[PDB]
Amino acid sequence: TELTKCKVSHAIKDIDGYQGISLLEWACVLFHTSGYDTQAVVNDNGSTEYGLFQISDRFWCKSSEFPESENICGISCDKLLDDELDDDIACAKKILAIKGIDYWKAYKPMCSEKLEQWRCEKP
């Protein structure tokens, strides 16, 4: 489900400020990360990243592919391919607390400036 800047901004509300990242930076990161597609599935050197946040099955979620994963978020990777973002967000929160914002590689190069444009301009 291809969402939009604003839907995303509205859905993502509860992650705001956590670990110091604003909704502006998140909209920016998610656009470059998943194109705002909740069903985004991208391969990366033998592992797979899921949904809006592109959470990897290598350490964060359990996938039928490789069950040995530490499944840190304690969720099935498939649950990050639906339109309920609460668990995606909950897991993103763990990543932030453990590894930090740099898990999202789009952050530093694409979201270190010109953040104003990322605000949802609709109530």
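Position 1 is the first residue in the sequence shown; the rest follow in order. We call the rigid core whatever largest set of C-alpha positions still superposes within 1.5 Å between the two forms.
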Root mean square C-alpha distance from this form after a core fit in 8 other deposited structures of this protein: higher for 114-122 or for 2-10?
114-122
I need to verify one thing: averaged over C-alpha atoms only, is the B-factor higher for 103-111 or for 12-20?
12-20
The stretch carrying the higher mean Cα B factor in the deposited entry, 52-60 or 38-46, is 38-46
Using only modelled residues of the chain, where does the Cα B factor of residue 33 rank: lowest third, middle third or highest third?
lowest
